[PDB]
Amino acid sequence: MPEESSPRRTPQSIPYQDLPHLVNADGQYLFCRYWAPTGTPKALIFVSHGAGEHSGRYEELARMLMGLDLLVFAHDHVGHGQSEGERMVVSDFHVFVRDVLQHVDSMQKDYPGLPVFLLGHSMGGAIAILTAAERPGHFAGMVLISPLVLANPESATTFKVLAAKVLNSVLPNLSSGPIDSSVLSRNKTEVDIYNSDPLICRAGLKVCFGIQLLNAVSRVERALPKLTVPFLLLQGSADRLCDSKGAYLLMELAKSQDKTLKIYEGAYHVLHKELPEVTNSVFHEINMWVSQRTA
């Protein structure tokens, strides 16, 4: 008599059968999160995290959105957090977009008729832009916190010089330095918390993953003229990763009839984990923007 194989587990050894999950098109398990209101939801909102992090970093923002009677959902992208995959490896950037679409499609089946929004930060913001561009007219709105639109010219040059070797030769272990958290938030407590979270990937960016991030920038650039979804764009002027010029480029090139930009003077990259004055303002502005577009 044949027997079923040992239960499939997260990279942290927890059986997926004990957790909310989804199996993507490549047969990889993605860990899922849900924050649902007690009544009937007004809308659905997908939360898209960035490179090296995971959906658990959005707990407070998700609970604020749930308090507005929206059903919030998320997953850890492939190679991240509690999902499967070689850490910070992706065969092609589109895998991230494909997986977001599968989860959105799955959720719209269980809750039909509801409008669906996207919220993304950094690489997760590039994913949100590409997801909306793939389905024009389908999403009710998008909230972008420092999206990857234009990379910091210094970081782009470093990755274009490191790609030069990998694209022309076989160098599977080639990597750049790790994500420097101290220059991504002025809130030292938040930097310390990020540095203490075991689910964050602290290794240096592999050149093959940096190539997929440069692909994402190129794809976002082509997608901008086709974007029509309503969006709220939050950007810090002292962003060392996602150059503020990209936020201005997104306001200029998108065709969306409903687009708004809020610049946070002197703020660093991670606006939702910045100084309390900035983070409180970010939560308030997202609350107002989504409240005005839901009923």
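Under this definition, the rigid core comprises the largest set of C-alpha atoms superposing within 1.5 Å between the forms. One rule holds for the numbers: they count along the sequence shown, beginning at 1.
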{"query": "Larger mean CA deviation from the shown form in 5 other deposited structures of this protein [core fit; 153-161 vs 191-199]", "finding": "153-161"}
{"query": "Core-aligned Cα RMS comparison in 5 other deposited structures of this protein - stretch that moves more, 202-210 or 75-83", "finding": "202-210"}
{"query": "Of 72-80 and 216-224, the one with larger mean CA B-factor", "finding": "216-224"}
{"query": "Mean Cα B-factor comparison, 32-40 or 228-236, giving the higher one as deposited", "finding": "32-40"}
{"query": "C-alpha B-factor winner, where the candidates are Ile179, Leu101, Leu148, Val95", "finding": "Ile179"}
{"query": "Residue with maximal Cα B-factor (values as given in the PDB entry) among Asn195, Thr131, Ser185, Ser175", "finding": "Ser175"}
{"query": "Position of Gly246 among the chain's modelled residues by C-alpha B-factor, lowest, middle or highest third", "finding": "middle"}
{"query": "CA B-factor ranking of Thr189, expressed as a third of its chain", "finding": "middle"}
{"query": "Third of chain Cα B-factors occupied by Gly56", "finding": "lowest"}
{"query": "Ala163 CA temperature factor, ranked by third within the chain", "finding": "highest"}
{"query": "Chain third (lowest, middle, highest) by recorded CA B-factor, residue given as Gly266", "finding": "lowest"}
